[PDB]
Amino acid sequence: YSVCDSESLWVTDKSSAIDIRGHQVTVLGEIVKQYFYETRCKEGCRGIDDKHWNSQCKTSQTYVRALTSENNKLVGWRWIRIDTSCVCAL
């Protein structure tokens, strides 16, 4: 049993994302096709104390390299962030 519920899925339609520098970049479609595996919360936490403990489930993210571009041109690998898990916050 988990404290938070999640759902994982294969994302084939991503075309924009925020990179490590906070910029909005275009995520290319091919590299072989470029798709991503993400897992986000579904939606207190299960098994929590609640008495002197408040909790909510939050979906965390992480960095993965993606072949992206900016104002088009400048195509290359950059670190973009995607949903990767669902964790509890007290």
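In this text, residue numbers run from 1 along the sequence as written.
Counting the unmodelled positions of the deposited sequence between residue 64 and residue 65 gives zero.
The modelled chain breaks between residue 43 and residue 44, where 4 to 9 residues of the deposited sequence lack coordinates. In this crystal structure, the stretch out of 6-14 and 66-74 whose C-alpha atoms carry the higher mean B factor is 66-74. If you average the C-alpha B-factors over 22-30 and over 44-52, the higher value belongs to 44-52.
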